[PDB]
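K.L.:
There are 10 protein chains.
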Amino acid sequence: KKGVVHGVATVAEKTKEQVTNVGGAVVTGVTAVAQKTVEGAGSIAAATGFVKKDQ
Amino acid sequence: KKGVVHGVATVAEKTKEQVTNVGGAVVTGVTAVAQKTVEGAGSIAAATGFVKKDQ
Amino acid sequence: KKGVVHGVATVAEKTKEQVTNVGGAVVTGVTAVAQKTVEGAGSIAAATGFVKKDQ
Amino acid sequence: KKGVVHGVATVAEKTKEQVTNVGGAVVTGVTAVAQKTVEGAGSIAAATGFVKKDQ
Amino acid sequence: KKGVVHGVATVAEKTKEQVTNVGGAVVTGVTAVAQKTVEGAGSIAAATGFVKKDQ
Amino acid sequence: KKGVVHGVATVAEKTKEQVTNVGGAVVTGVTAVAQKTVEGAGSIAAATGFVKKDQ
Amino acid sequence: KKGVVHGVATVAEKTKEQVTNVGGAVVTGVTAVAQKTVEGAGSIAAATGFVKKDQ
Amino acid sequence: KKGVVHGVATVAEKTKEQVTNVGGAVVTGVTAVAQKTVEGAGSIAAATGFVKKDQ
Amino acid sequence: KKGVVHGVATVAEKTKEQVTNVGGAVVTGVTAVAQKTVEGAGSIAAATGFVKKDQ
Amino acid sequence: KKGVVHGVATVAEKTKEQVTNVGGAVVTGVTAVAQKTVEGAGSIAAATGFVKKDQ
Ligand SMILES: Cc1ccc2nc(-c3ccc(N(C)C)cc3)sc2c1
Ligand SMILES: Cc1ccc2nc(-c3ccc(N(C)C)cc3)sc2c1
Ligand SMILES: Cc1ccc2nc(-c3ccc(N(C)C)cc3)sc2c1
Ligand SMILES: Cc1ccc2nc(-c3ccc(N(C)C)cc3)sc2c1
Ligand SMILES: Cc1ccc2nc(-c3ccc(N(C)C)cc3)sc2c1
Ligand SMILES: Cc1ccc2nc(-c3ccc(N(C)C)cc3)sc2c1
Ligand SMILES: Cc1ccc2nc(-c3ccc(N(C)C)cc3)sc2c1
Ligand SMILES: Cc1ccc2nc(-c3ccc(N(C)C)cc3)sc2c1
Ligand SMILES: Cc1ccc2nc(-c3ccc(N(C)C)cc3)sc2c1
Ligand SMILES: Cc1ccc2nc(-c3ccc(N(C)C)cc3)sc2c1
Numbered sequence: 045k046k047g048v049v050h051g052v053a054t055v056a057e058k059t060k061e062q063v064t065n066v067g068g069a070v071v072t073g074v075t076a077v078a079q080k081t082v083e084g085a086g087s088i089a090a091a092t093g094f095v096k097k098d099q
Numbered sequence: 045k046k047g048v049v050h051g052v053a054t055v056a057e058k059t060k061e062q063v064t065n066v067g068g069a070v071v072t073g074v075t076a077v078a079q080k081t082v083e084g085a086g087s088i089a090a091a092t093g094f095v096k097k098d099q
Numbered sequence: 045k046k047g048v049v050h051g052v053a054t055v056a057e058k059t060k061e062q063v064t065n066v067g068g069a070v071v072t073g074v075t076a077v078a079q080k081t082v083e084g085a086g087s088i089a090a091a092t093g094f095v096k097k098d099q
Numbered sequence: 045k046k047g048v049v050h051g052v053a054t055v056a057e058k059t060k061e062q063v064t065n066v067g068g069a070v071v072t073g074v075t076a077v078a079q080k081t082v083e084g085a086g087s088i089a090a091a092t093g094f095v096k097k098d099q
Numbered sequence: 045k046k047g048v049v050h051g052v053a054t055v056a057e058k059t060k061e062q063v064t065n066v067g068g069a070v071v072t073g074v075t076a077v078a079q080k081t082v083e084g085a086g087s088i089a090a091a092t093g094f095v096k097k098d099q
Numbered sequence: 045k046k047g048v049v050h051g052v053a054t055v056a057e058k059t060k061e062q063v064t065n066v067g068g069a070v071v072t073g074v075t076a077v078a079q080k081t082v083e084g085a086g087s088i089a090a091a092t093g094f095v096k097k098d099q
Numbered sequence: 045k046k047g048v049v050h051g052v053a054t055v056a057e058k059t060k061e062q063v064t065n066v067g068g069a070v071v072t073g074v075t076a077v078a079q080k081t082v083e084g085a086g087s088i089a090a091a092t093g094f095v096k097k098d099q
Numbered sequence: 045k046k047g048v049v050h051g052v053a054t055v056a057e058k059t060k061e062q063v064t065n066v067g068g069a070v071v072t073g074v075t076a077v078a079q080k081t082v083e084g085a086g087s088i089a090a091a092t093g094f095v096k097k098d099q
Numbered sequence: 045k046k047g048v049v050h051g052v053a054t055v056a057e058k059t060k061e062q063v064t065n066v067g068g069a070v071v072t073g074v075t076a077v078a079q080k081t082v083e084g085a086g087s088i089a090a091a092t093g094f095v096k097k098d099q
Numbered sequence: 045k046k047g048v049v050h051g052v053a054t055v056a057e058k059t060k061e062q063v064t065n066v067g068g069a070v071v072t073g074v075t076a077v078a079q080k081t082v083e084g085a086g087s088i089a090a091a092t093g094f095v096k097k098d099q
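Protein chains in written order, with the entry's author numbering: chain I, 45 to 99; chain J, 45 to 99; chain E, 45 to 99; chain A, 45 to 99; chain B, 45 to 99; chain L, 45 to 99; chain K, 45 to 99; chain F, 45 to 99; chain C, 45 to 99; chain D, 45 to 99.
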């Protein structure tokens, strides 16, 4: 076989899960957050996949 | 076989999971956060995958 | 076979898990955080994969 | 076979797990944090994979 | 076979686990932290893979 | 002061939390369950407070 | 002061939470269940406060 | 002071938490379960407070 | 002071935590379970407080 | 002072923690279990407080 990509690719066979991202956010997984009190200014309480590039 | 990529690629066969990211965040995995009190200014309480590049 | 990459690639066969990242965050694994009280200003309480490049 | 990379590559066969990172954070492994009280200003309580390059 | 890399590569065959990092953090291993009280300003309580290059 | 009980009592002052149970179940605490697949016949997957007295 | 109870009582002052139960079930606490697949015959998947006295 | 109990009592002053149980189950504490696959017939996967008296 | 009990009592002053149990299960403490695969028939995977009196 | 008990009592003053049990299970302490694969039929993987009296 032959393949040429510029990116971003994701090429496969017999594949149970696939995610391609440029951005941005993708949530595909099981996630449970239980929480009782959030205070403070300002605290990232429960972050799973996170990116902060403030300018 | 033959392959030429510029990146970012992810090329495979018979593959159960795949993630390609440029960014950005991707959450595909099981995650449970149980939490009772968050205070303080400002404290990253529970971070799993995290990136902070403030300017 | 033949392959030329610029990066970042991830090339394989018969492969159960794959992650490619430029960024950024990717969470694909099982993670359990149980927590009772977070205080202080400001304390990284429970960080699993973490990157802080403040300028 | 033949291969030329610029990096960062990860090239393989018959491979159970793969991670490629430039960044950034990737969490793919089992992780359990149980915690009862976090105080102080500011103390990295429980860090698994961590990078701090404040300027 | 023939291979020329610029780095950082990781080239292999028949390989159970692979990690390539430039950064940054990668957590792929089993990790259990149980903890009861963290105080002080500021004490790295339980660090597994850690890098601090504050300027 | 004077007190006579037959039970079950719970007598106090200045008390943040109280539970009295005869039974039966009482859930008053923070609880997070994240779960991806349960199989088998029959397996108690994730039990927190549990009592089984089958006859 | 004076008090005589037969039970079940719960007597207090300045008290943030109170539960009295004979039965029966009482749920007063924060609870998050995230779940993706339940199978099997028959498996208690995620039980928090539970009592089974089948005859 | 004077006190006579038959049981089960729980008598106190200045007391932050109290639980009285006859049964039965009481869950008042922080609890996080993250889980990815449960199989087998039949396996108690993650049990915190547990009692099995099958007859 | 004077006290006569039949049991089970728990009598105190200035007391931060109290548990009285006859049964039965009580969970009041911080608990984190992270888990990736449970198999076998039948294996107690992660048990914290546990009692099995099958007849 | 004077005290007569039948048992099981737990009598005190100025006392930070108290547990009385007849049973049964009580979990009041911090506990973290991180786990990646459990197999076999049937193996007690990670047991903290445990009692097995099968008949
Ligand atoms: C659409 C596509 C298909 C196939 C493909 N194969 C690539 C490849 C194969 C082998 C190697 N080596 C490094 C040997 C490199 C890239 S890139 C690519 C893109
Ligand atoms: C929105 C926001 C604001 C403030 C902030 N501060 C962070 C911080 C501060 C100090 C440290 N140390 C490592 C001492 C780590 C993170 S994360 C974060 C996110
Ligand atoms: C918003 C933004 C801007 C620029 C950018 N550049 C990226 C980049 C550049 C070069 C390479 N190489 C693989 C050399 C990879 C990613 S991701 C990305 C995202
Ligand atoms: C926002 C941003 C900007 C620039 C950037 N550059 C990247 C980079 C550059 C060179 C290489 N090599 C593999 C040499 C890899 C990544 S990632 C990235 C992300
Ligand atoms: C935001 C940013 C900027 C620049 C950058 N450069 C990277 C780099 C450069 C050279 C190499 N070599 C492999 C020589 C690897 C990575 S990662 C990266 C990320
Ligand atoms: C409605 C009520 C009020 C007060 C009260 N006090 C009780 C008590 C006080 C002290 C002791 N000791 C064991 C000293 C025992 C029971 S039972 C009871 C019932
Ligand atoms: C509705 C139901 C049916 C069956 C069942 N079986 C349970 C069980 C079986 C075996 C063991 N072992 C400790 C081997 C534990 C629990 S809990 C339960 C609940
Ligand atoms: C459905 C049911 C039946 C009987 C029962 N008996 C209880 C009992 C009996 C005696 C004592 N003592 C305190 C001696 C406590 C509880 S709870 C309960 C619930
Ligand atoms: C369903 C049931 C039946 C009987 C029962 N008996 C209990 C009992 C009996 C005696 C004492 N003493 C304190 C001696 C405590 C509990 S709890 C309970 C629950
Ligand atoms: C369902 C049941 C039946 C009987 C039972 N008896 C209990 C008992 C008996 C005596 C004492 N002593 C303190 C002597 C304590 C508990 S708990 C309990 C629970």
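Here a beta-carbon is modelled for each residue, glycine too, at the ideal position from N, C-alpha and C.
So, are the CB atoms of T54 (chain C) and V71 (chain D) less than 9 Å apart?
P.N.:
no
K.L.:
Measuring only between beta-carbons, confirm whether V74 (chain E) sits less than 9 Å from chain F.
P.N.:
yes
K.L.:
Would you decide whether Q79 (chain B) is buried or exposed? Buried here means 16 or more other CB atoms lie within 10 Å of its CB.
P.N.:
buried
K.L.:
Are the C-beta of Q62 (chain F) and some C-beta of chain J separated by less than 9 Å?
P.N.:
Contacts with chain J at 9 Å (Cβ-Cβ) do not include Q62 (chain F).
K.L.:
State the Cα-Cα distance for the pair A90 (chain D) and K58 (chain C), rounded to the nearest angstrom.
P.N.:
35 Å
K.L.:
If we call anything under 9 Å between Cβ atoms a contact, is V95 (chain E) one with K46 (chain J)?
P.N.:
no
K.L.:
Just to confirm, are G86 (chain E) and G86 (chain A) a CB contact at a threshold of 9 Å?
P.N.:
For the 9 Å CB-CB criterion, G86 (chain E) and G86 (chain A) form a contact.
K.L.:
Is the CB of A89 (chain K) under 9 Å away from at least one CB in chain J?
P.N.:
no
K.L.:
How about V48 (chain L) and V48 (chain K): do their beta carbons lie closer than 9 Å?
P.N.:
yes
K.L.:
Give me the pocket residues for ligand 3, defined as CB within less than 5 Å of any heavy atom, sorted by chain position.
P.N.:
J:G51, J:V66 and E:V66
K.L.:
Have a look at the DSSP bridge pairing and note the partners of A90 (chain F).
P.N.:
L:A90 and C:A90
K.L.:
Beta strand (DSSP E) containing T54 (chain D): first to last residue?
P.N.:
Run containing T54 (chain D): none; DSSP gives neither H nor E here.
K.L.:
Ligand 1 and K58 (chain B): does the residue's C-beta get closer than 8 Å to at least one heavy atom of that ligand?
P.N.:
no
K.L.:
Can you find a heavy atom of ligand 1 that lies under 8 Å from the Cβ of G84 (chain A)?
P.N.:
No, Cβ of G84 (chain A) sits at least 8 Å from all heavy atoms of ligand 1.
K.L.:
Quick check: what's the CA-CA separation for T92 (chain F) versus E61 (chain K)?
P.N.:
23 Å
K.L.:
Cα separation between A56 (chain J) and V82 (chain D)?
P.N.:
28 Å
K.L.:
For a test of the three-state rule: what should DSSP assign to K96 (chain L), helix, strand or coil?
P.N.:
strand
K.L.:
How would you write the range of the beta strand (DSSP E) that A78 (chain B) sits in, first residue to last?
P.N.:
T75 to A78
K.L.:
Taking its Cβ as the centre, do 16 or more other Cβ atoms sit within 10 Å of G84 (chain D), making it buried, or is it exposed?
P.N.:
Exposed: under 16 other Cβ atoms inside 10 Å.
K.L.:
Given 8 Å as the limit, tell me if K96 (chain K) has its C-beta closer than that to any heavy atom belonging to ligand 7.
P.N.:
yes
K.L.:
Which residues in chain A have a C-beta closer than 8 Å to the C-beta of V95 (chain J)? List them in chain order.
P.N.:
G67, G68 and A69
K.L.:
Counting along the chain, where does the beta strand (DSSP E) carrying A69 (chain F) start and finish?
P.N.:
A69 to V71
K.L.:
Would the beta-carbon of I88 (chain A) be found less than 8 Å away from any heavy atom of ligand 7?
P.N.:
Checking the Cβ of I88 (chain A) against ligand 7 gives no.
K.L.:
With hydrogens ignored, establish whether the beta-carbon of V49 (chain J) is closer than 8 Å to any heavy atom of ligand 1.
P.N.:
yes
K.L.:
Can you determine whether any heavy atom of ligand 6 sits closer than 8 Å to the C-beta of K45 (chain D), and answer yes or no?
P.N.:
no
K.L.:
Compare the C-beta of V82 (chain L) with all C-beta atoms of chain I and state if any pair is closer than 9 Å.
P.N.:
no
K.L.:
Classify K46 (chain K) as helix, strand or coil using the three-state DSSP reduction.
P.N.:
strand
K.L.:
Report the rounded CA-to-CA distance for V77 (chain K) versus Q99 (chain B), giving the unit in angstroms.
P.N.:
43 Å
K.L.:
Would you check if the distance between the CB atom of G73 (chain I) and the CB atom of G73 (chain J) is smaller than 9 Å?
P.N.:
yes
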